[PDB]
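Visitor: Contents of run_28.pdb (PDB, C-alpha atoms and all ligand atoms) are below:
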```pdb
ATOM      1  CA  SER A  79     100.568 108.185  88.858
ATOM      2  CA  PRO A  80      97.388 108.588  86.815
ATOM      3  CA  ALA A  81      97.639 105.081  85.383
ATOM      4  CA  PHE A  82      97.934 103.526  88.847
ATOM      5  CA  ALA A  83      94.599 105.089  89.809
ATOM      6  CA  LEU A  84      92.950 103.702  86.682
ATOM      7  CA  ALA A  85      94.397 100.239  87.362
ATOM      8  CA  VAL A  86      93.166 100.315  90.966
ATOM      9  CA  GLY A  87      89.626 101.173  89.901
ATOM     10  CA  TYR A  88      89.714  98.550  87.153
ATOM     11  CA  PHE A  89      90.881  95.907  89.624
ATOM     12  CA  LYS A  90      88.827  96.885  92.669
ATOM     13  CA  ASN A  91      85.547  97.680  90.893
ATOM     14  CA  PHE A  92      85.641  95.073  88.106
ATOM     15  CA  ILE A  93      88.284  92.318  88.011
ATOM     16  CA  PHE A  94      88.330  91.469  91.722
ATOM     17  CA  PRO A  95      84.514  91.428  92.239
ATOM     18  CA  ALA A  96      84.003  89.415  89.047
ATOM     19  CA  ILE A  97      86.496  86.654  89.835
ATOM     20  CA  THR A  98      85.454  86.507  93.501
ATOM     21  CA  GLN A  99      81.775  86.171  92.578
ATOM     22  CA  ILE A 100      82.410  83.511  89.924
ATOM     23  CA  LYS A 101      84.420  81.409  92.379
ATOM     24  CA  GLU A 102      81.554  81.493  94.882
ATOM     25  CA  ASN A 103      79.039  80.571  92.168
ATOM     26  CA  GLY A 104      80.754  77.185  91.857
ATOM     27  CA  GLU A 105      83.478  77.573  89.241
ATOM     28  CA  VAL A 106      86.771  76.248  90.611
ATOM     29  CA  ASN A 107      89.052  77.188  87.696
ATOM     30  CA  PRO A 108      87.616  80.314  86.048
ATOM     31  CA  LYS A 109      89.902  82.360  83.816
ATOM     32  CA  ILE A 110      89.674  86.055  82.968
ATOM     33  CA  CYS A 111      92.098  86.997  80.210
ATOM     34  CA  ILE A 112      92.793  90.735  80.133
ATOM     35  CA  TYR A 113      93.836  92.206  76.797
ATOM     36  CA  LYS A 114      97.274  93.829  77.163
ATOM     37  CA  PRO A 115      98.046  96.239  74.310
ATOM     38  CA  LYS A 116     101.493  97.738  73.856
ATOM     39  CA  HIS A 117     101.182 100.394  71.153
ATOM     40  CA  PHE A 118      98.958 103.445  70.830
ATOM     41  CA  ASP A 119      97.358 102.126  67.629
ATOM     42  CA  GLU A 120      95.974  99.128  69.528
ATOM     43  CA  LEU A 121      93.553 101.553  71.216
ATOM     44  CA  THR A 122      91.966 102.624  67.921
ATOM     45  CA  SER A 123      88.545 101.639  66.602
ATOM     46  CA  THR A 124      90.225  99.468  63.964
ATOM     47  CA  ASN A 125      91.889  97.272  66.586
ATOM     48  CA  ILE A 126      88.798  97.240  68.821
ATOM     49  CA  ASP A 127      86.666  96.108  65.875
ATOM     50  CA  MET A 128      89.249  93.409  65.130
ATOM     51  CA  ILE A 129      88.962  92.054  68.674
ATOM     52  CA  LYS A 130      85.162  92.231  68.628
ATOM     53  CA  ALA A 131      85.083  90.199  65.407
ATOM     54  CA  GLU A 132      87.559  87.726  66.909
ATOM     55  CA  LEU A 133      85.435  87.322  70.031
ATOM     56  CA  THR A 134      82.435  86.493  67.844
ATOM     57  CA  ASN A 135      84.437  84.039  65.728
ATOM     58  CA  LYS A 136      85.574  82.227  68.890
ATOM     59  CA  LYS A 137      82.003  82.105  70.284
ATOM     60  CA  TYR A 138      82.329  84.650  73.091
ATOM     61  CA  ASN A 139      79.220  86.542  74.183
ATOM     62  CA  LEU A 140      78.882  89.604  76.402
ATOM     63  CA  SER A 141      77.292  88.228  79.577
ATOM     64  CA  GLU A 142      76.284  89.463  83.010
ATOM     65  CA  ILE A 143      77.778  88.671  86.405
ATOM     66  CA  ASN A 144      75.394  89.503  89.250
ATOM     67  CA  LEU A 145      77.281  90.594  92.369
ATOM     68  CA  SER A 146      76.201  89.408  95.828
ATOM     69  CA  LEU A 147      79.460  89.971  97.735
ATOM     70  CA  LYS A 148      80.201  92.353 100.575
ATOM     71  CA  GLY A 149      81.492  95.784  99.644
ATOM     72  CA  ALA A 150      80.445  99.346  98.867
ATOM     73  CA  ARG A 151      79.272  99.222  95.256
ATOM     74  CA  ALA A 152      77.059 101.488  93.171
ATOM     75  CA  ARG A 153      76.891  98.960  90.321
ATOM     76  CA  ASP A 154      75.740  95.429  91.097
ATOM     77  CA  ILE A 155      75.853  93.938  87.566
ATOM     78  CA  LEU A 156      79.121  93.396  85.699
ATOM     79  CA  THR A 157      79.348  92.615  81.977
ATOM     80  CA  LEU A 158      82.131  90.366  80.638
ATOM     81  CA  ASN A 159      82.859  88.554  77.387
ATOM     82  CA  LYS A 160      82.381  84.848  78.164
ATOM     83  CA  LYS A 161      83.232  81.850  76.006
ATOM     84  CA  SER A 162      80.270  79.621  75.209
ATOM     85  CA  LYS A 163      79.757  76.799  77.739
ATOM     86  CA  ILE A 164      83.312  77.363  79.052
ATOM     87  CA  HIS A 165      84.562  79.066  82.220
ATOM     88  CA  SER A 166      86.785  81.535  80.340
ATOM     89  CA  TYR A 167      86.277  85.293  80.123
ATOM     90  CA  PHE A 168      87.887  88.164  78.236
ATOM     91  CA  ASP A 169      87.993  91.912  78.703
ATOM     92  CA  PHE A 170      89.432  94.831  76.767
ATOM     93  CA  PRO A 171      90.030  97.423  79.552
ATOM     94  CA  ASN A 172      87.684 100.241  78.562
ATOM     95  CA  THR A 173      89.421 102.660  80.942
ATOM     96  CA  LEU A 174      92.528 102.595  78.701
ATOM     97  CA  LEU A 175      90.491 104.431  76.054
ATOM     98  CA  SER A 176      90.473 107.554  78.263
ATOM     99  CA  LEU A 177      94.274 107.884  78.349
ATOM    100  CA  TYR A 178      94.540 109.943  75.154
ATOM    101  CA  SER A 179      91.952 112.421  76.435
ATOM    102  CA  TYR A 180      93.826 112.625  79.743
ATOM    103  CA  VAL A 181      97.169 113.345  78.049
ATOM    104  CA  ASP A 182      95.592 116.025  75.843
ATOM    105  CA  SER A 193     102.671 117.473  69.004
ATOM    106  CA  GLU A 194     100.408 114.506  68.272
ATOM    107  CA  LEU A 195     103.289 112.013  68.218
ATOM    108  CA  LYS A 196     104.628 113.027  71.641
ATOM    109  CA  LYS A 197     101.269 112.392  73.318
ATOM    110  CA  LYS A 198     101.084 108.919  71.770
ATOM    111  CA  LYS A 199     104.368 107.924  73.420
ATOM    112  CA  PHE A 200     103.114 109.262  76.754
ATOM    113  CA  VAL A 201      99.983 107.128  76.328
ATOM    114  CA  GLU A 202     102.225 104.097  75.802
ATOM    115  CA  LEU A 203     104.119 104.821  79.027
ATOM    116  CA  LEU A 204     100.812 105.089  80.891
ATOM    117  CA  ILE A 205      99.742 101.745  79.415
ATOM    118  CA  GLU A 206     102.940 100.150  80.720
ATOM    119  CA  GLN A 207     102.370 101.621  84.182
ATOM    120  CA  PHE A 208      98.707 100.570  84.159
ATOM    121  CA  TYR A 209      99.739  96.935  83.729
ATOM    122  CA  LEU A 210     102.595  97.336  86.207
ATOM    123  CA  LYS A 211     100.062  98.234  88.909
ATOM    124  CA  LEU A 212      97.413  95.773  87.700
ATOM    125  CA  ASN A 213      99.899  92.897  87.768
ATOM    126  CA  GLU A 214     100.984  93.932  91.270
ATOM    127  CA  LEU A 215      97.375  93.823  92.481
ATOM    128  CA  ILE A 216      96.829  90.399  90.901
ATOM    129  CA  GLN A 217      99.907  88.953  92.626
ATOM    130  CA  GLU A 218      99.116  90.577  95.978
ATOM    131  CA  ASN A 219      95.712  88.851  95.933
ATOM    132  CA  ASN A 220      97.227  85.533  94.751
ATOM    133  CA  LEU A 221      95.030  85.514  91.645
ATOM    134  CA  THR A 222      97.589  84.557  88.976
ATOM    135  CA  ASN A 223      95.922  81.166  88.442
ATOM    136  CA  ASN A 224      92.698  82.924  87.390
ATOM    137  CA  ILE A 225      93.710  86.335  85.976
ATOM    138  CA  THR A 226      96.077  86.365  82.994
ATOM    139  CA  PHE A 227      96.917  88.709  80.127
ATOM    140  CA  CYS A 228      96.062  88.163  76.459
ATOM    141  CA  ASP A 229      97.572  89.420  73.215
ATOM    142  CA  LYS A 230      95.749  90.551  70.062
ATOM    143  CA  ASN A 231      94.886  86.918  69.270
ATOM    144  CA  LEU A 232      93.378  86.142  72.711
ATOM    145  CA  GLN A 233      96.453  84.022  73.470
ATOM    146  CA  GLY A 234      97.855  84.155  76.997
ATOM    147  CA  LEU A 235     100.861  86.400  77.677
TER     148      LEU A 235
ATOM    149  CA  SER B  79      96.169 114.249  89.448
ATOM    150  CA  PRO B  80      94.924 110.683  90.123
ATOM    151  CA  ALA B  81      91.474 112.135  90.790
ATOM    152  CA  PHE B  82      91.733 113.949  87.452
ATOM    153  CA  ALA B  83      92.424 110.675  85.631
ATOM    154  CA  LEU B  84      89.366 109.074  87.232
ATOM    155  CA  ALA B  85      87.189 112.080  86.370
ATOM    156  CA  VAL B  86      88.379 112.103  82.746
ATOM    157  CA  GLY B  87      87.569 108.414  82.362
ATOM    158  CA  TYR B  88      84.187 108.918  84.020
ATOM    159  CA  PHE B  89      83.372 111.793  81.663
ATOM    160  CA  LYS B  90      84.900 110.470  78.440
ATOM    161  CA  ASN B  91      83.699 106.869  78.778
ATOM    162  CA  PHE B  92      80.342 107.354  80.500
ATOM    163  CA  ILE B  93      78.761 110.775  81.059
ATOM    164  CA  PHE B  94      79.666 112.366  77.719
ATOM    165  CA  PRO B  95      78.707 109.413  75.457
ATOM    166  CA  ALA B  96      75.517 108.898  77.460
ATOM    167  CA  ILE B  97      74.273 112.473  77.127
ATOM    168  CA  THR B  98      75.420 112.700  73.497
ATOM    169  CA  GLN B  99      73.589 109.494  72.575
ATOM    170  CA  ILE B 100      70.291 110.346  74.244
ATOM    171  CA  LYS B 101      70.354 113.790  72.613
ATOM    172  CA  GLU B 102      71.066 112.127  69.260
ATOM    173  CA  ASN B 103      68.144 109.792  70.017
ATOM    174  CA  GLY B 104      65.892 112.865  70.104
ATOM    175  CA  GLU B 105      65.752 113.827  73.783
ATOM    176  CA  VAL B 106      65.907 117.610  73.508
ATOM    177  CA  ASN B 107      66.371 118.578  77.172
ATOM    178  CA  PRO B 108      67.586 115.517  79.104
ATOM    179  CA  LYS B 109      68.865 115.928  82.646
ATOM    180  CA  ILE B 110      71.557 113.867  84.372
ATOM    181  CA  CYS B 111      72.122 114.458  88.076
ATOM    182  CA  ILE B 112      75.455 113.173  89.383
ATOM    183  CA  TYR B 113      75.652 112.311  93.061
ATOM    184  CA  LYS B 114      78.264 114.498  94.765
ATOM    185  CA  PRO B 115      79.365 113.622  98.305
ATOM    186  CA  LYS B 116      82.020 115.400 100.313
ATOM    187  CA  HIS B 117      82.235 113.391 103.560
ATOM    188  CA  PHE B 118      84.038 110.048 103.549
ATOM    189  CA  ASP B 119      81.176 108.254 105.323
ATOM    190  CA  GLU B 120      78.954 108.810 102.260
ATOM    191  CA  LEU B 121      80.910 106.115 100.373
ATOM    192  CA  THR B 122      79.890 103.398 102.846
ATOM    193  CA  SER B 123      77.622 100.526 101.854
ATOM    194  CA  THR B 124      74.940 101.816 104.242
ATOM    195  CA  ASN B 125      74.653 105.213 102.539
ATOM    196  CA  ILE B 126      74.744 103.564  99.098
ATOM    197  CA  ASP B 127      71.819 101.300 100.001
ATOM    198  CA  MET B 128      69.835 104.336 101.174
ATOM    199  CA  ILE B 129      70.439 105.984  97.794
ATOM    200  CA  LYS B 130      69.424 102.791  95.986
ATOM    201  CA  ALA B 131      66.184 102.358  97.934
ATOM    202  CA  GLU B 132      65.506 106.051  97.348
ATOM    203  CA  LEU B 133      66.030 105.691  93.588
ATOM    204  CA  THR B 134      63.597 102.762  93.603
ATOM    205  CA  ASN B 135      61.127 104.765  95.693
ATOM    206  CA  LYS B 136      61.307 107.690  93.239
ATOM    207  CA  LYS B 137      60.674 105.332  90.281
ATOM    208  CA  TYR B 138      64.201 105.326  88.843
ATOM    209  CA  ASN B 139      65.213 102.171  86.987
ATOM    210  CA  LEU B 140      68.428 101.124  85.282
ATOM    211  CA  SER B 141      67.987 102.039  81.618
ATOM    212  CA  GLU B 142      70.006 100.898  78.614
ATOM    213  CA  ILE B 143      71.803 103.409  76.387
ATOM    214  CA  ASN B 144      73.124 101.913  73.140
ATOM    215  CA  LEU B 145      76.111 103.868  71.831
ATOM    216  CA  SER B 146      76.208 104.377  68.049
ATOM    217  CA  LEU B 147      78.473 107.439  68.178
ATOM    218  CA  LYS B 148      81.848 108.128  66.624
ATOM    219  CA  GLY B 149      84.809 107.157  68.785
ATOM    220  CA  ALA B 150      86.796 104.180  69.999
ATOM    221  CA  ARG B 151      85.190 102.282  72.874
ATOM    222  CA  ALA B 152      85.276  98.656  73.974
ATOM    223  CA  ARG B 153      81.943  98.968  75.868
ATOM    224  CA  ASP B 154      78.991  99.938  73.624
ATOM    225  CA  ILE B 155      76.073  99.417  76.044
ATOM    226  CA  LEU B 156      75.706 101.727  79.039
ATOM    227  CA  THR B 157      73.310 101.357  81.944
ATOM    228  CA  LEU B 158      72.029 104.452  83.743
ATOM    229  CA  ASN B 159      69.290 105.149  86.289
ATOM    230  CA  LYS B 160      66.350 106.824  84.541
ATOM    231  CA  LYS B 161      63.179 108.271  86.024
ATOM    232  CA  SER B 162      60.088 106.515  84.672
ATOM    233  CA  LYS B 163      58.541 108.293  81.651
ATOM    234  CA  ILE B 164      60.852 111.335  81.982
ATOM    235  CA  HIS B 165      64.099 112.406  80.291
ATOM    236  CA  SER B 166      65.786 112.525  83.704
ATOM    237  CA  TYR B 167      68.737 110.439  84.889
ATOM    238  CA  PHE B 168      70.884 109.899  87.980
ATOM    239  CA  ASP B 169      74.274 108.309  88.600
ATOM    240  CA  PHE B 170      76.341 107.481  91.662
ATOM    241  CA  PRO B 171      79.898 107.587  90.222
ATOM    242  CA  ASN B 172      81.149 104.066  90.898
ATOM    243  CA  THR B 173      84.737 105.176  90.244
ATOM    244  CA  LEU B 174      84.638 107.199  93.484
ATOM    245  CA  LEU B 175      84.423 103.953  95.472
ATOM    246  CA  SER B 176      88.034 103.096  94.551
ATOM    247  CA  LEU B 177      89.568 106.173  96.204
ATOM    248  CA  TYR B 178      89.922 104.487  99.600
ATOM    249  CA  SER B 179      91.674 101.483  98.055
ATOM    250  CA  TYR B 180      93.924 103.856  96.114
ATOM    251  CA  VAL B 181      94.786 105.485  99.454
ATOM    252  CA  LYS B 198      92.605 109.803 106.443
ATOM    253  CA  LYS B 199      90.633 112.647 104.862
ATOM    254  CA  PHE B 200      93.102 112.822 101.974
ATOM    255  CA  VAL B 201      90.298 110.902 100.255
ATOM    256  CA  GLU B 202      88.052 113.943 100.697
ATOM    257  CA  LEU B 203      90.769 116.000  99.003
ATOM    258  CA  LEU B 204      90.657 113.564  96.077
ATOM    259  CA  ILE B 205      86.850 113.724  96.029
ATOM    260  CA  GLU B 206      86.927 117.523  95.825
ATOM    261  CA  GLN B 207      89.466 117.325  92.992
ATOM    262  CA  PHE B 208      87.404 114.690  91.176
ATOM    263  CA  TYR B 209      84.426 117.050  91.106
ATOM    264  CA  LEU B 210      86.523 120.098  90.209
ATOM    265  CA  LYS B 211      87.728 118.315  87.067
ATOM    266  CA  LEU B 212      84.318 116.770  86.351
ATOM    267  CA  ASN B 213      82.623 120.153  86.737
ATOM    268  CA  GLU B 214      85.310 121.618  84.470
ATOM    269  CA  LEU B 215      84.652 119.044  81.741
ATOM    270  CA  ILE B 216      80.904 119.763  81.851
ATOM    271  CA  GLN B 217      81.523 123.487  81.350
ATOM    272  CA  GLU B 218      84.069 122.969  78.562
ATOM    273  CA  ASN B 219      81.545 120.863  76.616
ATOM    274  CA  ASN B 220      78.620 123.291  77.129
ATOM    275  CA  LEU B 221      76.612 120.785  79.188
ATOM    276  CA  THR B 222      75.958 122.931  82.272
ATOM    277  CA  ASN B 223      72.186 122.893  81.669
ATOM    278  CA  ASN B 224      71.978 119.109  81.157
ATOM    279  CA  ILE B 225      74.329 117.760  83.849
ATOM    280  CA  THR B 226      74.115 118.873  87.488
ATOM    281  CA  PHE B 227      74.959 117.471  90.920
ATOM    282  CA  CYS B 228      72.712 115.893  93.552
ATOM    283  CA  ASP B 229      72.903 115.148  97.271
ATOM    284  CA  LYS B 230      71.952 111.992  99.190
ATOM    285  CA  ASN B 231      68.292 113.012  98.798
ATOM    286  CA  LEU B 232      68.465 113.348  94.973
ATOM    287  CA  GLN B 233      68.166 117.146  95.304
ATOM    288  CA  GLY B 234      70.264 119.640  93.355
TER     289      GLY B 234
HETATM  290  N1  LIG A 301      83.745  94.911  80.652
HETATM  291  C1  LIG A 301      83.394  95.636  81.853
HETATM  292  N2  LIG A 301      84.322  96.602  82.403
HETATM  293  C2  LIG A 301      83.986  97.333  83.610
HETATM  294  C3  LIG A 301      82.770  97.110  84.249
HETATM  295  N3  LIG A 301      82.739  97.930  85.345
HETATM  296  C4  LIG A 301      83.877  98.626  85.372
HETATM  297  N4  LIG A 301      84.643  98.289  84.338
HETATM  298  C5  LIG A 301      85.956  98.810  84.031
HETATM  299  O1  LIG A 301      86.599  99.513  85.401
HETATM  300  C6  LIG A 301      86.850 100.763  85.121
HETATM  301  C7  LIG A 301      86.450 101.632  86.322
HETATM  302  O2  LIG A 301      85.085 101.264  86.640
HETATM  303  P1  LIG A 301      84.294 102.147  87.696
HETATM  304  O3  LIG A 301      82.930 101.492  87.785
HETATM  305  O4  LIG A 301      84.889 102.105  89.078
HETATM  306  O5  LIG A 301      84.002 103.664  87.146
HETATM  307  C8  LIG A 301      83.107 103.817  85.941
HETATM  308  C9  LIG A 301      81.950 104.112  86.281
HETATM  309  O6  LIG A 301      81.997 105.158  87.374
HETATM  310  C10 LIG A 301      81.357 104.738  84.988
HETATM  311  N5  LIG A 301      80.788 103.804  84.229
HETATM  312  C11 LIG A 301      81.246 103.296  83.077
HETATM  313  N6  LIG A 301      80.392 102.375  82.611
HETATM  314  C12 LIG A 301      79.342 102.278  83.481
HETATM  315  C13 LIG A 301      78.143 101.506  83.548
HETATM  316  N7  LIG A 301      77.780 100.543  82.552
HETATM  317  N8  LIG A 301      77.338 101.702  84.597
HETATM  318  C14 LIG A 301      77.609 102.578  85.555
HETATM  319  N9  LIG A 301      78.712 103.307  85.526
HETATM  320  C15 LIG A 301      79.601 103.197  84.517
HETATM  321  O7  LIG A 301      82.547 105.368  84.302
HETATM  322  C16 LIG A 301      83.561 105.082  85.022
HETATM  323  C17 LIG A 301      84.749 104.716  84.140
HETATM  324  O8  LIG A 301      84.333 103.632  83.273
HETATM  325  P2  LIG A 301      85.427 102.897  82.373
HETATM  326  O9  LIG A 301      84.837 102.133  81.240
HETATM  327  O10 LIG A 301      86.263 103.999  81.822
HETATM  328  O11 LIG A 301      86.418 102.066  83.223
HETATM  329  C18 LIG A 301      85.932 101.079  83.936
HETATM  330  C19 LIG A 301      85.949  99.701  83.131
HETATM  331  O12 LIG A 301      87.215  99.624  82.360
HETATM  332  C20 LIG A 301      81.807  96.103  83.685
HETATM  333  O13 LIG A 301      80.752  95.905  84.242
HETATM  334  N10 LIG A 301      82.130  95.394  82.512
END
```
Could you show the structure in this file as structure tokens?

Guide:
Amino acid sequence: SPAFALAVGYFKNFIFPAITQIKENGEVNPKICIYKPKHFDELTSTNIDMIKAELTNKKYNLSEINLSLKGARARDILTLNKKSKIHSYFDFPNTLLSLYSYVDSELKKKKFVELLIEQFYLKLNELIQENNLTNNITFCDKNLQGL
Amino acid sequence: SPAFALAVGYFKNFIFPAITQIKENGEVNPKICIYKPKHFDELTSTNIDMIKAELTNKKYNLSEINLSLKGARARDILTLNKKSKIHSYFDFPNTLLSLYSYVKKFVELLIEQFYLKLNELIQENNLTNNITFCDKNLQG
């Protein structure tokens, strides 16, 4: 599966290092909410701009996480939307925005993108559960509400 | 196929917007060298640290590229190693470091397929003179 590979890279190179680092830095109950779109149109610039405005309205700022953990890593600085003064984070998975290019009538490809989205989150959720991270890693809708 | 997905995301979300932006910014002949291993032991933390110290020694520093282009993206600020005072850049593809976790030397098969697709995307976008591949010693 192509989406499984993208989920593995997203988890192993971003979500897992971020939450592991934050826990070591002292935060005992940090939360990373991962945006979970369903439909192809949620990957458009219009929906991305909506979420970016919403992050600003709710006082999130793009912030760095410096990595000090073990592990082969070419990047040592992660960037995550972080709520002001609060141990909550948000991410729109950028990798999902490559799915249309990968798949490439125009309507048939959009439905294939939506199946890849579903499989992406199928694998990502599996990885979260297998690392017992459900208390820290959750999924957010368009309104940054859990589930 | 999984290696193709990783290469497409690496090209579409990083290499292609980076080179397009810096050209739009007025860099006429910028160069990006992409590290290309082929042995599994080149993805170890020891080899990565040698590349990092080498980049430092050759006066490369992480440089910010602000994306103002057309296209949907959730991440608008890229970071890329840039040689001091020169339109020359280097990247170790971080996405390669997930191939072991996705999977003996079947990883090296995936690495070869990653670079076949990546090299294909460079040719199809007429970027063969701007984007090349480098070894552990930052040589083409
Ligand atoms: N918000 C956020 N998301 C991240 C970060 N690092 C990774 N991600 C996400 O994991 C995916 C795979 O990461 P990778 O580091 O293993 O491969 C990356 C990496 O090899 C490269 N790349 C992208 N942005 C980069 C960057 N800022 N610096 C260095 N390399 C970068 O492009 C590949 C695909 O990027 P992507 O945006 O499509 O998907 C990321 C992205 O969705 C991060 O630091 N912040």

Visitor: Excluding region 86-101 of chain B and residues on its chain fewer than 4 positions from it, collect all residues at most 7 Å away from it, counting all atoms listed in the file, and give them as a list in words.

Guide: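 Neighbouring residues, sequence-local ones excluded: residues 173, 176 and 180 of chain A; 82, 105, 106, 143, 145, 147 and 212 of chain B.
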
Visitor: Check every protein, DNA and RNA residue against ligand LIG 301 (chain A), keep those with an atom at most 6 Å away (counting only C-alpha atoms and all ligand atoms), and present them as a PyMOL selection string.

Guide: (chain A and resi 87-88+91-92+156-158+169+171-173) or (chain B and resi 87-88+91-92+156-157+171-173)

Visitor: Taking all atoms listed in the file into account, what are the residues of chain A at most 8 Å from chain B, put as a ChimeraX atom specification?

Guide: /A:79-84,86-87,90-91,121-123,126,149-153,170-173,175-177,179-180

Visitor: Quick one: of A:118, A:159, A:138, A:165, who's nearest to residue 104 (chain A), counting only C-alpha atoms?

Guide: A:165

Visitor: Can you tell me how far CA of residue 96 (chain A) sits from CA of residue 145 (chain A), in Å to one decimal?

Guide: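 A separation of 7.6 Å between them.
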
Visitor: Quote the spacing between CA of residue 211 (chain B) and CA of residue 146 (chain B) in Å to one decimal place.

Guide: 26.2 Å

Visitor: As a list in words, please: the residues near residue 136 (chain B) (cut-off 10 Å, only C-alpha atoms, same-chain neighbours under 3 positions excluded).

Guide: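 Final neighbour list, sorted by chain and number: residues 130, 131, 132, 133, 139, 161, 162 and 232 of chain B.
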
Visitor: Please evaluate the PyMOL selection byres (((chain B and resi 218-231) around 6) and not hetatm) against the displayed coordinates and give the resulting residues as a count of residues only.

Guide: 12

Visitor: Take the point (91.1, 84.8, 83.4) in the file's coordinates, draw a sphere of radius 8 Å around it, and report as a PyMOL selection string every protein, DNA or RNA residue with an atom inside or on it, counting all atoms listed in the file.

Guide: chain A and resi 108-112+166-168+223-227

Visitor: Any chance you could resolve the PyMOL selection byres (((chain A and resi 147) around 9) and not hetatm) against this file and give the residues as a CSV table (one decimal) with C-alpha atoms, in the frame of the given file?

Guide:
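For reference, part-v8.csv as written:
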```
chain,number,residue,atom,x,y,z
A,95,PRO,CA,84.5,91.4,92.2
A,98,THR,CA,85.5,86.5,93.5
A,99,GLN,CA,81.8,86.2,92.6
A,145,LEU,CA,77.3,90.6,92.4
A,146,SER,CA,76.2,89.4,95.8
A,148,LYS,CA,80.2,92.4,100.6
A,149,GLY,CA,81.5,95.8,99.6
```

Visitor: Taking into account all atoms listed in the file, which residue in the set A:107, A:163, A:205, A:230 is nearest to residue 178 (chain A)?

Guide: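 For residue 178 (chain A), the nearest of the given residues is A:205.
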
Visitor: Please, what distance in Å, to one decimal, runs between CA of residue 200 (chain B) and CA of residue 168 (chain B)?

Guide: 26.4 Å

Visitor: Could you rebuild region 211-223 of chain B with N, CA, C and O atoms and give me the result as a tab-separated table (two decimals), in the frame of the given file?

Guide:
```
chain	number	residue	atom	x	y	z
B	211	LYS	N	87.46	118.69	88.45
B	211	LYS	CA	87.73	118.32	87.07
B	211	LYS	C	86.45	117.94	86.33
B	211	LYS	O	86.24	118.34	85.18
B	212	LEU	N	85.58	117.16	86.98
B	212	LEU	CA	84.32	116.77	86.35
B	212	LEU	C	83.47	117.99	86.04
B	212	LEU	O	82.92	118.12	84.94
B	213	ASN	N	83.36	118.92	86.99
B	213	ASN	CA	82.62	120.15	86.74
B	213	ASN	C	83.28	120.98	85.64
B	213	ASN	O	82.59	121.66	84.87
B	214	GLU	N	84.61	120.91	85.54
B	214	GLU	CA	85.31	121.62	84.47
B	214	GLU	C	84.99	121.02	83.11
B	214	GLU	O	84.79	121.75	82.13
B	215	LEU	N	84.93	119.68	83.02
B	215	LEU	CA	84.65	119.04	81.74
B	215	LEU	C	83.22	119.31	81.28
B	215	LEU	O	82.97	119.39	80.07
B	216	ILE	N	82.28	119.44	82.22
B	216	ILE	CA	80.90	119.76	81.85
B	216	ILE	C	80.84	121.16	81.24
B	216	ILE	O	80.17	121.38	80.22
B	217	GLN	N	81.53	122.12	81.86
B	217	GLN	CA	81.52	123.49	81.35
B	217	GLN	C	82.19	123.57	79.98
B	217	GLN	O	81.68	124.24	79.08
B	218	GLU	N	83.32	122.89	79.81
B	218	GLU	CA	84.07	122.97	78.56
B	218	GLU	C	83.33	122.33	77.40
B	218	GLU	O	83.66	122.61	76.24
B	219	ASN	N	82.34	121.48	77.67
B	219	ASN	CA	81.54	120.86	76.62
B	219	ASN	C	80.13	121.43	76.56
B	219	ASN	O	79.26	120.83	75.92
B	220	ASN	N	79.89	122.56	77.22
B	220	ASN	CA	78.62	123.29	77.13
B	220	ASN	C	77.44	122.43	77.58
B	220	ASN	O	76.38	122.43	76.96
B	221	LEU	N	77.63	121.69	78.67
B	221	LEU	CA	76.61	120.78	79.19
B	221	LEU	C	76.12	121.20	80.57
B	221	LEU	O	75.57	120.38	81.30
B	222	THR	N	76.30	122.47	80.93
B	222	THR	CA	75.96	122.93	82.27
B	222	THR	C	74.46	122.86	82.54
B	222	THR	O	74.05	122.71	83.70
B	223	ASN	N	73.63	122.95	81.50
B	223	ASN	CA	72.19	122.89	81.67
B	223	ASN	C	71.64	121.47	81.64
B	223	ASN	O	70.48	121.27	82.02
```
